[PDB]
Amino acid sequence: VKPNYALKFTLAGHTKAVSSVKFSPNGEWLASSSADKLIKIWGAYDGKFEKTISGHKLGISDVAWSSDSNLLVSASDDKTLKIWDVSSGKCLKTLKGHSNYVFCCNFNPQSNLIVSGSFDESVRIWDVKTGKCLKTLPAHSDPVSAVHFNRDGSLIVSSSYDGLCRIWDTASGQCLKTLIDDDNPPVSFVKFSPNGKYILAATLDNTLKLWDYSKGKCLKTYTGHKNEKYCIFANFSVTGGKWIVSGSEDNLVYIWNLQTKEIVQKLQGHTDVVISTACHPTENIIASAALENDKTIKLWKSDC
Amino acid sequence: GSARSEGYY
């Protein structure tokens, strides 16, 4: 079994590199963030432009949706995070506290909290209602590349250029586990599996690794792609066949069989590094976005 | 630019 992802739409509009694409939990929309300081909303099924959301003073590295699809959070080079009302496009809160670029962000499932990672090497936990910083974790010794809550929001996983993956207890702010491997190459991306039992981690040695973080064992390795410079988003594709999806520095979207580790498809079309990929919550749809020499978002559809 | 689009050095 192999998917047959085929190009459906090319979404043009960003004037600089696209940095992150995410599907709304309700599947109706795709949100994109960019170095052009804008957040754009698109129709997930027709690729139709919906609206531009603005307010950040500098480029945005990440955007994330709340569980009800009503809010977005964005992480910017301006050292802040902003919480946006999607329907109005209005900035509800500006989260201030990071002392360097904000790189990654996510809401917890309950969506009362936001987790952020910054070049300031810290991980911050924010209260959505007040915009107050609840906890500052001295998480890593280098820029924090990714932060993600697990399925029940009890845990946060963070990754850094320091070569470590750390699992944190959300309520206590304490570090539960540190994952180290080989010679500690920079960790460019991390996220929990949908069941929260595993973590998918990308390293700048052209490798993706599936970890059983509690047992501290690497179960699978995904290679063949190019990843030595950028913090490229990777995903678990679960709507059809069980795949691992990632962008690559060779301008391709890579799709591996989760179990066998074999490359099942390479999606050609982008003209620059595919920095971000996202998997649709209900349909076999992939959104992919590329850097400065491309600046577009592509929507791909598969039968499986 | 943005920190993510700049990349690692």
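Every number in this text was worked out from the coordinates using simple rules, so none of it is lab data. For neighbour counting, all protein chains shown are included, and Cβ atoms are generated from backbone atoms with ideal geometry for every residue, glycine included.
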Most packed first (mean Cβ within 10 Å per residue), the peptides A:115-124, A:25-34 order as A:115-124, A:25-34
Rounded to the nearest Å, the spacing of the alpha-carbon centers of segment A:93-122 and segment A:163-215 is 18
Sorted on mean Cβ neighbours within 10 Å (highest first), peptides A:143-156, A:197-210 come out as A:143-156, A:197-210
Set A:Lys135/A:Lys177; A:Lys217/A:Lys298; A:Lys16/A:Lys217; A:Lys40/A:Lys177; A:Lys16/A:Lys226, cut-off 30 Å on Cα-Cα distance; pairs above it are A:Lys217/A:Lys298; A:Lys16/A:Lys217; A:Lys40/A:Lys177
Taking 0.36 nm per residue of separation between A:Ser88 and A:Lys197 and subtracting their Cα-Cα distance, the length gained on full extension comes to 35.5 nm
Full extension between A:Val1 and A:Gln259 adds, at 0.36 nm per residue less the Cα distance, a length in nm of 91.7 nm
Over 21 Å (Cα to Cα) among A:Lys191/A:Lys215; A:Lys209/A:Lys266; A:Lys2/A:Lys215 -> A:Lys2/A:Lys215
Here the net charge surrounding A:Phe103, from other residues whose Cβ is less than 13 Å away from its Cβ (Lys, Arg +1; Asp, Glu -1), is -4
Phi angles of segment A:244-249, converted by Karplus (6.51 cos²θ - 1.76 cosθ + 1.60, θ = phi - 60°) into ³J(HN,Hα) in whole Hz with x for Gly and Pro, give 10, 10, 8, x, 7, 6
FRET efficiency (A:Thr221, A:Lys51; Cβ distance; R0 51 Å; to 0.05) is 0.80
Per chain A, sqrt(5λ) over the Cα gyration tensor eigenvalues, sorted largest first, in Å, gives 25, 24, 17
Length gained, A:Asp183-A:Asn26, 0.36 nm per residue minus C-alpha separation, equals 52.4 nm
Out of A:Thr94, A:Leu299, A:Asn70 - ranked by how far each Cα lies towards the positive end of the dipole of chain A, with unit charges on the beta-carbon of charged residues - the top one is A:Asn70
Taking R0 as 45 Å and r as the Cβ-Cβ distance between A:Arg151 and A:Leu58, the FRET efficiency 1/(1 + (r/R0)^6), rounded to the nearest 0.05, comes to 0.85
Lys and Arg at +1, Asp and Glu at -1: neighbours of A:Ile114 with Cβ under 10 Å from its Cβ sum to +1
